[PDB]
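A.B. asks:
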Amino acid sequence: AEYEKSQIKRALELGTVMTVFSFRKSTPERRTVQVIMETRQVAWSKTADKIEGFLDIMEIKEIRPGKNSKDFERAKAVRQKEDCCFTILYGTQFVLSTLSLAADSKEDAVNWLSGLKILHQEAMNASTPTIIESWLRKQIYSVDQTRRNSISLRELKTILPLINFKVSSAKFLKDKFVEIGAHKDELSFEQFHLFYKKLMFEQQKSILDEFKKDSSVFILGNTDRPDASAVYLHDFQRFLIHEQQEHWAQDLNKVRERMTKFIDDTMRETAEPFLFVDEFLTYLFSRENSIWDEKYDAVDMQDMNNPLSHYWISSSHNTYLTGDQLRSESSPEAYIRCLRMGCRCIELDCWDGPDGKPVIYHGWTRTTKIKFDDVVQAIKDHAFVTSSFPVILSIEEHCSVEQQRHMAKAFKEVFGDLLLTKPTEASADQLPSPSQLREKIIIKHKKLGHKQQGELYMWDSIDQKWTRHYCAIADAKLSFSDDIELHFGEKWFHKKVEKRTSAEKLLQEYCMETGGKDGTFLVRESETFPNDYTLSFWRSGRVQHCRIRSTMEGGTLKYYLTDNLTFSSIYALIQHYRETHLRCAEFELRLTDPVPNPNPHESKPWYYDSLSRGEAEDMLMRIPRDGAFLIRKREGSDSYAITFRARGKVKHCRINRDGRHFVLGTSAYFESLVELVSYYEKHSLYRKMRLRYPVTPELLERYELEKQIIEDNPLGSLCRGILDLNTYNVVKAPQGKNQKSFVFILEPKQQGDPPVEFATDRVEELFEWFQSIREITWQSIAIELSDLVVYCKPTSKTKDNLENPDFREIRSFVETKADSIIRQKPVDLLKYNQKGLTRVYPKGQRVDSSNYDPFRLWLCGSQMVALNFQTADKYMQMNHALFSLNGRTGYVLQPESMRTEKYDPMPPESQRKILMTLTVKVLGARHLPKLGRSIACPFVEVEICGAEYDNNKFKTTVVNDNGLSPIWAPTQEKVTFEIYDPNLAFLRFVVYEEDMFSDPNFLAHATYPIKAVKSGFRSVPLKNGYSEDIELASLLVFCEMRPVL
């Protein structure tokens, strides 16, 4: 009841103390949990006035009831009974982050679990204008973690970059402030909203102009300013009927419902709802007007009637491995995520386990172990929640017979009714249709009728540490991969500042910029008095200086400002006067803000002063490790510059300096050079290589075939280094060099080549390794399991003999072969696919998990293409598209046309003809996400990801810095992608940032099956790579999907 719901919602907003467990942080802690309604977030606070962490309800994927995930399994859950615990899974990525909360008492938990669900339902159906408010609220909450009603102009200056908008000028912010109408430079939350609603309008006003073409009949009003002109209900209708087409509103009454829904007006109700020229623009760039047809968003029963073969069943390769196939941590959760996404074909590779029960791990790889029982419970519970249509589990068993039995028993008991033990349609000419098997698991195991890859510590000649690398032996070549993951430290100490005037200048700056408080201070060595220091501090608009005196008492050096109070260190002295008032005859003052910019970029080793541009380049070439960097004052200026070595070439990028701010390229504002180096070590400056090595003087003394090489390599794309084993003869070495005792060496026969020194933690490995290198230098299936496999049969057949298909049998072509089949003769794979199941699978080379081009296979009948799902690649994203079509079911009926007499999956160019002529023009953007530490120029590329015959790209001109409102004001664009066959195609919109050194980088992708594209101005919601959804983003586009006849 409405009364009831409100009561639950209220209970959440107040909040309850509920213990929070995570696998990290060991023992449990109790942090009050609240729903903060304006934010739409959930937050846990140690006490009050602090918000440690937030989830966003906007993005909670599941709220499972019991103590089943991680967290609770970890450590001890003695205290809390099963019913009480509730774990929430929130995330934008594949691995989903988990907040696990155990209520003290039963009643609350019921509330929460009901509660979060009540709220979550709402959010998803919140109208665009309502969301914005929350965002803006969220941002305000950002500046200071604790909730604040209003934001000072200074702070607004901090916020505008994070929103990914660059302030044109100090002037620009102020002028807008006036029209908002707060002259005290304390914009009110209500005003902030007025700001946003303006800023956005001012930048994008151009789009509105486009409509104003004669005979459009939208006849939009003057678009001069927000709140000028209006679009009232009569008019909205005429836009919804003509420009965009949506006969949903040939009827006025529903138009009104929509407009009312959008504004979320409350008051402003009653009067025939009307939209301001500003709002029209907020509607356009919003969910409500998605290019996505709603129609293809619900299971269509009519089309779920046909046989399994004719459906493109969704598929996962390895499902258990979250991430890379070599070192990934595999977890039950990995499955749960896949099935809810709506994949209907999980794989479940199984290997012999310690004590009877099978265990799942990638094979011979070092990926972790997941108990089979647990995978099984998990398949059952979450299998058919999202969708009722059938799972096609595909066990591959390396397991021994004794172990296999446990498996079979388990399958039948735990899965219970679901397992499809008996063929549904008796004799059955063709495979049962999905509807018949609805709610039923199908199992495919074979029906009865090594390479010593290990992680080895490696030693280095140069920097003196062992770096862990995974190593693989094939073709007598070890292949290796990149490495596996007091006052002197104080901001306020400025060591030797050369002149008093310099200390005064630094204080004056810091104070001018943020609004310096009395007591803002720094400490420096005294020019006048050896061994003494000088405290310099801000007071009443002027800099004051006090001598910190040193004295020796009892052999210990002591420091003092007044003769009555001696401290053991300068640190202790300063901390004291930060808490206590420094009392002089003329003032009492407490030390407040430390101003920390002496010469941080000079003490540290990685700094060359006056190094010639030429010389450094040469200096750098000598150290060859990729990712080394030298920082060099440019001659004749203030401007520091940075040179790093990558991809052989040495490239140097100019650091300008505006105020106490270093600007690498236009956008970045690192406070201090020390930072610029530090930030980029964690992140990535060029391509994907972090500055990693410092080209110190000291260190300096110390020191297409490639693609072809990549394909063969066991580690494949991942690996850096190939050493021919032939050349180097293995020796085993007693004792440990540089610790890491257990060790081996590979001395090359030729004297010159360096002695690489691979070493290991485990002796066994060493034995294994030593033997393996040394050597280089010199039917199963228990009957019960078999009975289960009623449909989908691993075929013992010559992968050559496509034809004489047997309904029950499923062939498993590996990708490489598959292309070949597809090129040698197109038609045959198709014919086999009608009335038979084929499961294409990823090649072994792909340790990385980048997925093969699904599109060809699908065109010619491949019921199941398994694309690794833990990957963000283009290809996985195309998968998430086909499967949206016809619900999250995960079956999409193959186009009727493909089935027939003469359909050629890849036909001759002359025959194909043209059917459709989509004409995207990209007009807009909004809230594109920020990637790094830079306002991100955005360029959008339309694509028609396609069968080969149709492929095209139409890149859009780059726009300078401005994330909130990038506007490609009618810059021609007007690409005319041509689609030969509509039914399988995709329209892919990707927005790529251009950063510094011009490399496209990836922000967000929209993928949409062509059938579900609606004509007229529409907004394409944008999505991160793992194709979840980023907050209010969009690219207004003007798709027209005229057919040609």
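In the numbering used here, the protein residues as written are 487 to 1531. Backbone N, C-alpha and C define an ideal beta-carbon position, used for all residues, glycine too.
What residue from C1525, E1479 and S802 has the CA that sits closest to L1473's CA?
C.D. replies: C1525
A.B. asks: Got a sec? Which residues, its chain only, sit under 6 Å from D968 by beta carbon, not counting five neighbours each side?
C.D. replies: Within the same chain, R1206 come within 6 Å of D968 by CB-CB distance, once the 5 residues on both sides are set aside.
A.B. asks: Where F681 and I637 are concerned, what is the direct C-alpha to C-alpha distance, given to the nearest angstrom?
C.D. replies: 12 Å
A.B. asks: Could you tell me whether the Cβ of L1059 comes closer than 7 Å to any Cβ of chain B?
C.D. replies: The displayed structure is made up of one protein chain only, and chain B is not part of it.
A.B. asks: Any idea if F572 is buried or exposed, counting beta-carbon neighbours within 10 angstroms, 16 or more meaning buried?
C.D. replies: Label assigned to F572: buried.
A.B. asks: Using CA coordinates, which residue listed in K1509, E1517 and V871 is at the minimum distance from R550?
C.D. replies: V871
A.B. asks: Can you give me the start and stop residues for the alpha helix (DSSP H) that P1393 sits inside?
C.D. replies: No alpha helix (DSSP H) holds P1393; DSSP gives it neither H nor E.
A.B. asks: So the candidates are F1148, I1060, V1242 and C1278; which of them puts its Cα closest to the Cα of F966?
C.D. replies: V1242
A.B. asks: So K684 is in the beta strand (DSSP E); what residue range does that whole segment cover?
C.D. replies: From DSSP, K684 is part of no beta strand (DSSP E) but of the alpha helix (DSSP H) over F675 to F697.
A.B. asks: Which residue comes first and which comes last in the alpha helix (DSSP H) that contains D860?
C.D. replies: Where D860 is concerned, the enclosing alpha helix (DSSP H) stretches over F858 to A869.
A.B. asks: Taking the alpha carbon of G935 as the point to measure from, which residue in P1280, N739 and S1125 has its own alpha carbon closest?
C.D. replies: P1280
A.B. asks: As a quick exercise: from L582, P1452, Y1435 and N1437, pick the residue whose alpha carbon is nearest that of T1443.
C.D. replies: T1443 has its Cα closest to that of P1452, out of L582, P1452, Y1435 and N1437.
A.B. asks: What are the start and end residues of each continuous alpha helix (DSSP H) run of 4 or more residues lying completely inside the region 1351-1384, in chain order?
C.D. replies: As for any alpha helix (DSSP H) of minimum length 4 sitting wholly inside the region 1351-1384, the runs are 1360-1370, ordered along the chain.
A.B. asks: In the DSSP assignment, find the unbroken alpha helix (DSSP H) run with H955 in it and report its ends.
C.D. replies: Premise fails: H955 lies in the beta strand (DSSP E), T953 to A960, not in any alpha helix (DSSP H).
A.B. asks: Say whether the region 1126-1139 touches the region 1173-1181, bearing in mind that this needs 3 or more beta-carbon pairs closer than 8 Å, one atom from each stretch.
C.D. replies: yes
A.B. asks: If we require 3 or more residues per run, which beta strand (DSSP E) segments fall completely within the region 1430-1456?
C.D. replies: 1439-1441
A.B. asks: Quick one: residues in its chain with C-beta nearer than 7 Å to the C-beta of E524, no 5 flanking neighbours on either side, listed in chain order?
C.D. replies: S620 and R623
A.B. asks: Residues bridged to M1175 by DSSP?
C.D. replies: The beta-bridge partner set that DSSP reports for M1175 consists of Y1172.
A.B. asks: Quick one: grab the DSSP three-state call for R1028.
C.D. replies: Strand, per DSSP.
A.B. asks: If you measure between the beta carbons of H1087 and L1171, is that distance less than 7 Å?
C.D. replies: no
A.B. asks: Considering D764, what are the terminal residues of the alpha helix (DSSP H) in which it resides?
C.D. replies: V763 to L770
A.B. asks: By the 10 Å Cβ neighbour count, where 16 or more other Cβ atoms means buried, how is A912 classified, buried or exposed?
C.D. replies: exposed
A.B. asks: With a CB to CB cut of under 7 Å and the five nearest residues on each side skipped, what residues in its chain are close to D859?
C.D. replies: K843 and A896
A.B. asks: By the three-class DSSP mapping on this structure, what secondary structure does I1034 have?
C.D. replies: strand
A.B. asks: Taking buried to mean at least 16 other C-beta atoms within 10 Å of its own C-beta, is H955 buried or exposed?
C.D. replies: buried
A.B. asks: I'd like to confirm the pairing. Which residues does DSSP put opposite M944 in its beta bridges?
C.D. replies: BP columns for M944 point to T953 and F1244.
A.B. asks: Alpha carbon to alpha carbon, what distance is there between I1267 and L1368?
C.D. replies: 36 Å
A.B. asks: Which residues does DSSP pair with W530 in a beta bridge?
C.D. replies: DSSP, once it has assigned bridges, lists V519 and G539 as partnering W530.
A.B. asks: Tell me, to the nearest whole angstrom, how far the beta carbon of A1519 is from that of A1498; I am working on the premise that it is less than 8 Å.
C.D. replies: Going by Cβ atoms, the distance from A1519 to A1498 rounds to 19 Å, so no, they are not a contact pair.
A.B. asks: Going straight from the alpha carbon of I1141 to that of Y1165, what length do you get?
C.D. replies: 15 Å
A.B. asks: Just reading off the alpha helix (DSSP H) that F658 is part of, what are its end residues?
C.D. replies: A656 to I666
A.B. asks: On the DSSP letters alone, give me the boundaries of the alpha helix (DSSP H) that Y821 sits inside.
C.D. replies: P818 to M827
A.B. asks: What three-state label does DSSP hand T987 in the structure shown?
C.D. replies: helix
A.B. asks: Put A1492 into one of helix, strand or coil per three-state DSSP.
C.D. replies: Residue state, collapsed to three classes: strand.
A.B. asks: If you drop the 5 nearest sequence neighbours on each side, which residues of the same chain put their C-beta closer than 7 Å to that of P1084?
C.D. replies: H980, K981 and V983
A.B. asks: Going by DSSP, which residues form a beta bridge with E1167?
C.D. replies: Paired residue(s): none; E1167 is not in a bridge.
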